[PDB]
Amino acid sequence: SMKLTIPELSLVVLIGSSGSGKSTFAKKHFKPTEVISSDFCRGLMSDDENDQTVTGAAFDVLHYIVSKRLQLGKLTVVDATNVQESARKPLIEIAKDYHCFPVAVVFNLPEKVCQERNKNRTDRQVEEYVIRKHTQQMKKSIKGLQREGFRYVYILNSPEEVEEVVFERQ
């Protein structure tokens, strides 16, 4: 298997395009309450799904909920795309502020894998150009992750590697 080591108290940041399988991964490895997703926070602001305007407020709520969990010393997983540096920086700063280890888990899958899963989703789907952009941004992000402030950086390079992950909470 592929053992990923994380401290008992950490902020685990999922990084991947839409369709890369982040939420599936989160549900398999973590308890429901450990996981905080952007879609969930969007749902706190709106019953609808297509309202492009609640996004900023939703991310504010995401950051605040994450902040209070870490304050209480509770391991937290951020289920969002996180392919942009601007999305990643505040998570890192929150983690440092509460003396937690920020951990990056990167879903370095080929674009066609994401595009394929997207077309078969039963919950919601995105436009093709969105996944293409996410993937390009994801790839651009990899090299600078350690320097951004992530203490552990784990790159998953194929669905097989993703499948074989086991977490080891020292």
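All residue numbers are counted from 1 along the displayed sequence.
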With reference to the PDB entry, specify whether the mean Cα temperature factor is higher for 76-84 or for 91-99.
91-99
Mean C-alpha B-factor higher for 127-135, or for 28-36?
127-135
Just the C-alpha B-factor column, please: which of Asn108, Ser67, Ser141, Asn120 has the biggest number?
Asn120
Would you please rank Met2 by its C-alpha temperature factor against the other modelled residues of its chain and give the third it falls in: lowest, middle or highest?
highest
Among the modelled residues of its chain, does the C-alpha B-factor of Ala104 lie in the lowest, middle or highest third?
lowest
